[PDB]
């Protein structure tokens, strides 16, 4: 329950050439998590790009959650439900299975502890150090405020 609200995605791990070639351009992603009932959550994201701030939402349904839109499965590998979480994502895009690990943090300044667990679990899936991006902060791209109709 404590997981609602504002998070940052502060590190990534993957082995694609696309990620490998562009990880140096990547910036911290702002997220907001909102629950519907017991099994469903919607994540709202905001990330810079060379085409401008990109804003989008994904809805996941149940520590494995699934989005049919994005053909995306997410597993929570570790979390204190308060400060950080390590998420492993698997997506199917045009026949192709893509994987990425992400580190969520409540603070844009990631704790040593959280980073250490992320790097440990990354290394267990044979991500190298060249395959981990610690994302520079960005202040120009935010999730929107929520308006709740009366």
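Positions refer to the first chain, counted from 1.
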**Item:** Chain break class at residue 62/residue 63 - deposited residues not modelled
**Value:** 4 to 9
**Complete:** As the entry reports it, the stretch among 91-99 and 109-117 with higher mean C-alpha B factor is 91-99
**Chain-relative CA temperature factor third for residue 54** = lowest
**Chain thirds of CA B-factor: placement of residue 82** = highest
**Asked** Is the Cα B-factor recorded for residue 42 in the lowest, middle or highest third of its chain?
**Response** lowest
**Complete:** residue 132: CA temperature factor from the record, placed by chain third, in the middle
**Prompt:** Among the chain's modelled residues, which third holds the C-alpha B-factor of residue 140?
**Reply:** highest
